[PDB]
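Novice: I am attaching a structure below and will ask some questions about it afterwards.
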Amino acid sequence: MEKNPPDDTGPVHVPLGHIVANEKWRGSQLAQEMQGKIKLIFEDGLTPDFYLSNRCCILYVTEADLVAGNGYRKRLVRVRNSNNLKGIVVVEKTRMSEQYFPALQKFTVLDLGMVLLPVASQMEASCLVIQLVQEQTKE
């Protein structure tokens, strides 16, 4: 017994509380924060920004996107075209946002009826997402 316990050389207990990040959405300073409290895994082939579960996903949006309106929706359609995934869409208010953010938010709802929780910066999200992930982990 004067020995020491193993150093988890293969903890098959990852399916517990883990978050996925698109290989591309890796070149972000945010994905780093997550590695400050929660575990993060990179997956090459995923479109979403952060995958919490197999039915829940999280996409980041910013005023810049609002300006488009026509084109970015297609990406959202690919999600609803799936099965029954209820993720969350984050929006970063800048300028033309709050101004025309309501017009889009209206349709997006009747269109996807998903969840939209605006923020203000990149931290709010990293803080809004993690703060949520830390709550789920718990029993």
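The chains in the structure tokens are called A, B, ... from first to last as shown; in each chain the residues are counted from 1, and the ligands are counted from 1 in the order shown.
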Can you tell me, as a PyMOL selection string, what residues are no more than 10 Å from residue A:50 when counting only C-alpha atoms, ignoring any on the same chain fewer than 2 positions away?
Specialist: chain A and resi 19-22+25+31+40-42+46-48+52-53+56-60+87-88+129
Novice: Okay, now the selection with N, CA, C and O atoms, as a PDB file, in the first residue's frame?
Specialist:
```
ATOM      1  N   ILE A  19     -16.978  19.307 -23.429  1.00  0.00           N
ATOM      2  CA  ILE A  19     -17.452  20.208 -24.475  1.00  0.00           C
ATOM      3  C   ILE A  19     -16.595  20.058 -25.729  1.00  0.00           C
ATOM      4  O   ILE A  19     -15.368  19.999 -25.649  1.00  0.00           O
ATOM      5  N   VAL A  20     -17.249  19.995 -26.883  1.00  0.00           N
ATOM      6  CA  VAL A  20     -16.534  19.847 -28.146  1.00  0.00           C
ATOM      7  C   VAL A  20     -16.344  21.202 -28.822  1.00  0.00           C
ATOM      8  O   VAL A  20     -17.147  22.117 -28.639  1.00  0.00           O
ATOM      9  N   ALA A  21     -15.277  21.320 -29.607  1.00  0.00           N
ATOM     10  CA  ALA A  21     -14.987  22.567 -30.308  1.00  0.00           C
ATOM     11  C   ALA A  21     -14.520  22.282 -31.732  1.00  0.00           C
ATOM     12  O   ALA A  21     -13.606  21.487 -31.948  1.00  0.00           O
ATOM     13  N   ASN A  22     -15.154  22.935 -32.701  1.00  0.00           N
ATOM     14  CA  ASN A  22     -14.793  22.742 -34.102  1.00  0.00           C
ATOM     15  C   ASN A  22     -13.314  23.044 -34.321  1.00  0.00           C
ATOM     16  O   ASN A  22     -12.809  24.078 -33.884  1.00  0.00           O
ATOM     17  N   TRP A  25     -12.965  26.491 -35.149  1.00  0.00           N
ATOM     18  CA  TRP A  25     -13.288  27.386 -34.046  1.00  0.00           C
ATOM     19  C   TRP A  25     -12.286  27.218 -32.908  1.00  0.00           C
ATOM     20  O   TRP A  25     -12.554  27.600 -31.769  1.00  0.00           O
ATOM     21  N   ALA A  31     -11.917  29.463 -26.604  1.00  0.00           N
ATOM     22  CA  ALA A  31     -11.715  28.035 -26.387  1.00  0.00           C
ATOM     23  C   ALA A  31     -10.647  27.801 -25.325  1.00  0.00           C
ATOM     24  O   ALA A  31     -10.617  26.751 -24.683  1.00  0.00           O
ATOM     25  N   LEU A  40     -12.069  20.598 -22.747  1.00  0.00           N
ATOM     26  CA  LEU A  40     -12.484  20.880 -24.117  1.00  0.00           C
ATOM     27  C   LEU A  40     -11.815  19.917 -25.093  1.00  0.00           C
ATOM     28  O   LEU A  40     -10.626  19.621 -24.970  1.00  0.00           O
ATOM     29  N   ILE A  41     -12.586  19.433 -26.059  1.00  0.00           N
ATOM     30  CA  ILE A  41     -12.061  18.505 -27.054  1.00  0.00           C
ATOM     31  C   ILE A  41     -12.269  19.055 -28.460  1.00  0.00           C
ATOM     32  O   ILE A  41     -13.298  19.664 -28.751  1.00  0.00           O
ATOM     33  N   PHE A  42     -11.287  18.838 -29.329  1.00  0.00           N
ATOM     34  CA  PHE A  42     -11.375  19.321 -30.701  1.00  0.00           C
ATOM     35  C   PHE A  42     -11.870  18.218 -31.633  1.00  0.00           C
ATOM     36  O   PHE A  42     -11.393  17.085 -31.578  1.00  0.00           O
ATOM     37  N   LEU A  46     -16.982  18.962 -37.580  1.00  0.00           N
ATOM     38  CA  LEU A  46     -18.184  19.561 -37.011  1.00  0.00           C
ATOM     39  C   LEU A  46     -18.322  21.015 -37.452  1.00  0.00           C
ATOM     40  O   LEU A  46     -17.325  21.702 -37.675  1.00  0.00           O
ATOM     41  N   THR A  47     -19.563  21.475 -37.581  1.00  0.00           N
ATOM     42  CA  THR A  47     -19.822  22.847 -38.000  1.00  0.00           C
ATOM     43  C   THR A  47     -20.052  23.752 -36.792  1.00  0.00           C
ATOM     44  O   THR A  47     -19.477  24.835 -36.697  1.00  0.00           O
ATOM     45  N   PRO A  48     -20.884  23.329 -35.878  1.00  0.00           N
ATOM     46  CA  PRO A  48     -21.204  24.115 -34.651  1.00  0.00           C
ATOM     47  C   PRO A  48     -19.950  24.642 -33.959  1.00  0.00           C
ATOM     48  O   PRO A  48     -18.840  24.185 -34.229  1.00  0.00           O
ATOM     49  N   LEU A  52     -22.393  20.731 -26.584  1.00  0.00           N
ATOM     50  CA  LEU A  52     -22.548  20.332 -25.189  1.00  0.00           C
ATOM     51  C   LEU A  52     -22.975  18.870 -25.092  1.00  0.00           C
ATOM     52  O   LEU A  52     -22.452  18.115 -24.273  1.00  0.00           O
ATOM     53  N   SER A  53     -23.929  18.478 -25.930  1.00  0.00           N
ATOM     54  CA  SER A  53     -24.416  17.103 -25.925  1.00  0.00           C
ATOM     55  C   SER A  53     -24.641  16.607 -27.349  1.00  0.00           C
ATOM     56  O   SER A  53     -24.126  17.184 -28.308  1.00  0.00           O
ATOM     57  N   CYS A  56     -27.795  18.968 -28.079  1.00  0.00           N
ATOM     58  CA  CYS A  56     -27.640  20.389 -27.785  1.00  0.00           C
ATOM     59  C   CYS A  56     -26.351  20.938 -28.391  1.00  0.00           C
ATOM     60  O   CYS A  56     -25.281  20.345 -28.249  1.00  0.00           O
ATOM     61  N   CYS A  57     -26.465  22.083 -29.059  1.00  0.00           N
ATOM     62  CA  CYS A  57     -25.310  22.723 -29.680  1.00  0.00           C
ATOM     63  C   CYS A  57     -25.348  24.226 -29.422  1.00  0.00           C
ATOM     64  O   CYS A  57     -26.384  24.769 -29.040  1.00  0.00           O
ATOM     65  N   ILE A  58     -24.218  24.900 -29.625  1.00  0.00           N
ATOM     66  CA  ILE A  58     -24.161  26.339 -29.398  1.00  0.00           C
ATOM     67  C   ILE A  58     -23.423  27.041 -30.532  1.00  0.00           C
ATOM     68  O   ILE A  58     -22.276  26.714 -30.838  1.00  0.00           O
ATOM     69  N   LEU A  59     -24.090  28.011 -31.148  1.00  0.00           N
ATOM     70  CA  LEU A  59     -23.494  28.762 -32.247  1.00  0.00           C
ATOM     71  C   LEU A  59     -23.331  30.229 -31.860  1.00  0.00           C
ATOM     72  O   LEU A  59     -24.216  30.819 -31.241  1.00  0.00           O
ATOM     73  N   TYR A  60     -22.192  30.809 -32.223  1.00  0.00           N
ATOM     74  CA  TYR A  60     -21.922  32.206 -31.900  1.00  0.00           C
ATOM     75  C   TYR A  60     -22.278  33.115 -33.074  1.00  0.00           C
ATOM     76  O   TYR A  60     -21.904  32.847 -34.216  1.00  0.00           O
ATOM     77  N   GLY A  87     -30.374  23.488 -29.527  1.00  0.00           N
ATOM     78  CA  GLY A  87     -29.171  24.174 -29.075  1.00  0.00           C
ATOM     79  C   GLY A  87     -29.470  25.621 -28.705  1.00  0.00           C
ATOM     80  O   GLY A  87     -30.628  26.006 -28.542  1.00  0.00           O
ATOM     81  N   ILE A  88     -28.416  26.419 -28.571  1.00  0.00           N
ATOM     82  CA  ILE A  88     -28.571  27.824 -28.217  1.00  0.00           C
ATOM     83  C   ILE A  88     -27.755  28.705 -29.156  1.00  0.00           C
ATOM     84  O   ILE A  88     -26.602  28.400 -29.462  1.00  0.00           O
ATOM     85  N   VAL A 129     -21.546  30.471 -21.308  1.00  0.00           N
ATOM     86  CA  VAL A 129     -21.518  29.063 -21.686  1.00  0.00           C
ATOM     87  C   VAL A 129     -20.971  28.213 -20.544  1.00  0.00           C
ATOM     88  O   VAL A 129     -21.616  27.264 -20.099  1.00  0.00           O
TER      89      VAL A 129
END
```
Novice: Extract the full set of strand (DSSP E) residues from stretch 3-138 of chain A according to DSSP on the backbone, and format it as number ranges by chain.
Specialist: A: 19-22, 40-43, 50-51, 57-62, 88-92, 115-116
Novice: For N, CA and C atoms, I'd like the residues from the last selection saved as a PDB file, in the first residue's frame.
Specialist:
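Below you can see out_34.pdb, which holds the result:
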```pdb
ATOM      1  N   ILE A  19     -16.978  19.307 -23.429  1.00  0.00           N
ATOM      2  CA  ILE A  19     -17.452  20.208 -24.475  1.00  0.00           C
ATOM      3  C   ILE A  19     -16.595  20.058 -25.729  1.00  0.00           C
ATOM      4  N   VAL A  20     -17.249  19.995 -26.883  1.00  0.00           N
ATOM      5  CA  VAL A  20     -16.534  19.847 -28.146  1.00  0.00           C
ATOM      6  C   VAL A  20     -16.344  21.202 -28.822  1.00  0.00           C
ATOM      7  N   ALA A  21     -15.277  21.320 -29.607  1.00  0.00           N
ATOM      8  CA  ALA A  21     -14.987  22.567 -30.308  1.00  0.00           C
ATOM      9  C   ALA A  21     -14.520  22.282 -31.732  1.00  0.00           C
ATOM     10  N   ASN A  22     -15.154  22.935 -32.701  1.00  0.00           N
ATOM     11  CA  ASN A  22     -14.793  22.742 -34.102  1.00  0.00           C
ATOM     12  C   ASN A  22     -13.314  23.044 -34.321  1.00  0.00           C
ATOM     13  N   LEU A  40     -12.069  20.598 -22.747  1.00  0.00           N
ATOM     14  CA  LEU A  40     -12.484  20.880 -24.117  1.00  0.00           C
ATOM     15  C   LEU A  40     -11.815  19.917 -25.093  1.00  0.00           C
ATOM     16  N   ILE A  41     -12.586  19.433 -26.059  1.00  0.00           N
ATOM     17  CA  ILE A  41     -12.061  18.505 -27.054  1.00  0.00           C
ATOM     18  C   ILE A  41     -12.269  19.055 -28.460  1.00  0.00           C
ATOM     19  N   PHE A  42     -11.287  18.838 -29.329  1.00  0.00           N
ATOM     20  CA  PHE A  42     -11.375  19.321 -30.701  1.00  0.00           C
ATOM     21  C   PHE A  42     -11.870  18.218 -31.633  1.00  0.00           C
ATOM     22  N   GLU A  43     -12.826  18.561 -32.490  1.00  0.00           N
ATOM     23  CA  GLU A  43     -13.377  17.595 -33.434  1.00  0.00           C
ATOM     24  C   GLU A  43     -13.352  18.162 -34.849  1.00  0.00           C
ATOM     25  N   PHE A  50     -19.693  25.097 -30.275  1.00  0.00           N
ATOM     26  CA  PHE A  50     -19.489  24.305 -29.068  1.00  0.00           C
ATOM     27  C   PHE A  50     -20.614  23.288 -28.897  1.00  0.00           C
ATOM     28  N   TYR A  51     -20.246  22.011 -28.860  1.00  0.00           N
ATOM     29  CA  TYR A  51     -21.227  20.942 -28.701  1.00  0.00           C
ATOM     30  C   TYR A  51     -21.272  20.474 -27.250  1.00  0.00           C
ATOM     31  N   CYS A  57     -26.465  22.083 -29.059  1.00  0.00           N
ATOM     32  CA  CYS A  57     -25.310  22.723 -29.680  1.00  0.00           C
ATOM     33  C   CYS A  57     -25.348  24.226 -29.422  1.00  0.00           C
ATOM     34  N   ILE A  58     -24.218  24.900 -29.625  1.00  0.00           N
ATOM     35  CA  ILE A  58     -24.161  26.339 -29.398  1.00  0.00           C
ATOM     36  C   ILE A  58     -23.423  27.041 -30.532  1.00  0.00           C
ATOM     37  N   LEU A  59     -24.090  28.011 -31.148  1.00  0.00           N
ATOM     38  CA  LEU A  59     -23.494  28.762 -32.247  1.00  0.00           C
ATOM     39  C   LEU A  59     -23.331  30.229 -31.860  1.00  0.00           C
ATOM     40  N   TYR A  60     -22.192  30.809 -32.223  1.00  0.00           N
ATOM     41  CA  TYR A  60     -21.922  32.206 -31.900  1.00  0.00           C
ATOM     42  C   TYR A  60     -22.278  33.115 -33.074  1.00  0.00           C
ATOM     43  N   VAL A  61     -22.994  34.197 -32.780  1.00  0.00           N
ATOM     44  CA  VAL A  61     -23.388  35.149 -33.814  1.00  0.00           C
ATOM     45  C   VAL A  61     -23.047  36.570 -33.377  1.00  0.00           C
ATOM     46  N   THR A  62     -22.759  37.431 -34.346  1.00  0.00           N
ATOM     47  CA  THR A  62     -22.417  38.816 -34.044  1.00  0.00           C
ATOM     48  C   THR A  62     -23.093  39.763 -35.028  1.00  0.00           C
ATOM     49  N   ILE A  88     -28.416  26.419 -28.571  1.00  0.00           N
ATOM     50  CA  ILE A  88     -28.571  27.824 -28.217  1.00  0.00           C
ATOM     51  C   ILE A  88     -27.755  28.705 -29.156  1.00  0.00           C
ATOM     52  N   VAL A  89     -28.358  29.796 -29.612  1.00  0.00           N
ATOM     53  CA  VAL A  89     -27.674  30.711 -30.518  1.00  0.00           C
ATOM     54  C   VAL A  89     -27.312  32.008 -29.800  1.00  0.00           C
ATOM     55  N   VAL A  90     -26.017  32.295 -29.729  1.00  0.00           N
ATOM     56  CA  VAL A  90     -25.547  33.508 -29.070  1.00  0.00           C
ATOM     57  C   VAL A  90     -25.378  34.633 -30.085  1.00  0.00           C
ATOM     58  N   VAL A  91     -25.747  35.846 -29.689  1.00  0.00           N
ATOM     59  CA  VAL A  91     -25.632  36.996 -30.579  1.00  0.00           C
ATOM     60  C   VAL A  91     -24.826  38.111 -29.919  1.00  0.00           C
ATOM     61  N   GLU A  92     -23.871  38.662 -30.660  1.00  0.00           N
ATOM     62  CA  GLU A  92     -23.038  39.738 -30.137  1.00  0.00           C
ATOM     63  C   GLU A  92     -23.508  41.084 -30.679  1.00  0.00           C
ATOM     64  N   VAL A 115     -33.229  28.725 -29.254  1.00  0.00           N
ATOM     65  CA  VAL A 115     -32.958  29.606 -28.123  1.00  0.00           C
ATOM     66  C   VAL A 115     -31.924  30.661 -28.500  1.00  0.00           C
ATOM     67  N   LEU A 116     -32.259  31.924 -28.257  1.00  0.00           N
ATOM     68  CA  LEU A 116     -31.352  33.021 -28.573  1.00  0.00           C
ATOM     69  C   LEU A 116     -31.048  33.840 -27.322  1.00  0.00           C
TER      70      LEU A 116
END
```
Novice: Find the spatial neighbours of stretch 63-67 of chain A, counting only C-alpha atoms, within a cut-off of 9 Å - ignore same-chain residues fewer than 5 positions away - and output them as a ChimeraX atom specification.
Specialist: /A:72,91-98,100-101,104
Novice: Print the selection's residues with C-alpha atoms to a file, as a PDB file, in the first residue's frame.
Specialist:
```pdb
ATOM      1  CA  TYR A  72     -26.077  32.623 -42.828  1.00  0.00           C
ATOM      2  CA  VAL A  91     -25.632  36.996 -30.579  1.00  0.00           C
ATOM      3  CA  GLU A  92     -23.038  39.738 -30.137  1.00  0.00           C
ATOM      4  CA  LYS A  93     -24.688  43.158 -30.238  1.00  0.00           C
ATOM      5  CA  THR A  94     -22.517  45.790 -31.909  1.00  0.00           C
ATOM      6  CA  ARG A  95     -24.332  48.527 -33.810  1.00  0.00           C
ATOM      7  CA  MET A  96     -26.719  47.419 -36.550  1.00  0.00           C
ATOM      8  CA  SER A  97     -27.678  44.666 -34.110  1.00  0.00           C
ATOM      9  CA  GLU A  98     -30.056  46.068 -31.492  1.00  0.00           C
ATOM     10  CA  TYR A 100     -32.244  45.316 -36.725  1.00  0.00           C
ATOM     11  CA  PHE A 101     -31.645  42.455 -34.288  1.00  0.00           C
ATOM     12  CA  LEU A 104     -34.413  38.907 -37.439  1.00  0.00           C
TER      13      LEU A 104
END
```
Novice: Compare A:126, A:131, A:136, A:105 by their minimum atom-to-atom distance to residue A:34, counting only C-alpha atoms, and give me the closest one.
Specialist: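 Nearest candidate to residue A:34 out of A:126, A:131, A:136, A:105: A:126.
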Novice: Figure out the distance between atom CA of residue A:137 and atom CA of residue A:119, please, to one decimal in Å.
Specialist: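 A separation of 22.9 Å between them.
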Novice: Given the choices A:13, A:69, A:8, A:125, which gets closest to residue A:107 if the distance is worked out from only C-alpha atoms?
Specialist: A:69
Novice: Tell me which protein, DNA and RNA residues are within 10 Å of residue A:128, counting only C-alpha atoms, leaving out same-chain ones fewer than 4 positions away, and put them as a list in words.
Specialist: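 Once the adjacent positions are removed, what remains is residues 90, 117, 118, 119, 122, 123, 124, 132 and 133 of chain A.
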Novice: Please report the interatomic distance between atom CA of residue A:111 and atom CA of residue A:79 in Å with one decimal.
Specialist: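 So the two atoms, atom CA of residue A:111 and atom CA of residue A:79, lie 11.9 Å apart.
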Novice: Using Å and a single decimal, report how far atom CA of residue A:55 sits from atom CA of residue A:39.
Specialist: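 Separation of atom CA of residue A:39 and atom CA of residue A:55: 18.9 Å.
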